[PDB]
């Protein structure tokens, strides 16, 4: 009966398009809880210049402070290794029986979902919520939920690329995160 939304990501760093996704899903679904779920290492991704965990969590808290909703689920950081969503959700669900689970992903992840670990079991445990990325609308099958957001082409890779070349990231992240990155020397080469 309780509605719980989880939004998974490497969040390296979290940015203004992640904020728009979270805001739109939260206001459309009106869940009882909303969790940002930072991975330790997200599968299907290379983890190069691994800054460590405290920095990523701090910037996610700065987003929550500004949005005025949300919590961090640190299960994946505690577990370490490759962060397979099926392992996360199996454990989360038995700590929160009697609630409906919603897992938010963008278009890029939706299109490679057959490559996720234990995907047939995970699709029975959560309702996937898919937001449009690099296009203006997203179609899904009737078992899933599509949420249409204003299209915003910002990525974490773009942010790290800019910082390394000395280009501004003003607006692309909130002011708090911008000053944190500069202040801590994150992504500088």
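Residue numbers count along the first chain shown, from 1.
Taking the PDB entry as given, 178-186 carries the higher mean Cα B factor of the two stretches 4-12 and 178-186. Relative to one another, 51-59 and 32-40 have unequal mean CA B-factors, and 51-59 is the one with the higher figure. Taking only the listed residues 118, 95, 107, 83, the entry reports the highest CA temperature factor at 95. Taking only the listed residues 155, 127, 161, 139, the entry reports the highest CA temperature factor at 139. Among the modelled residues of the chain, residue 147 sits in the middle third by CA temperature factor in this PDB entry.
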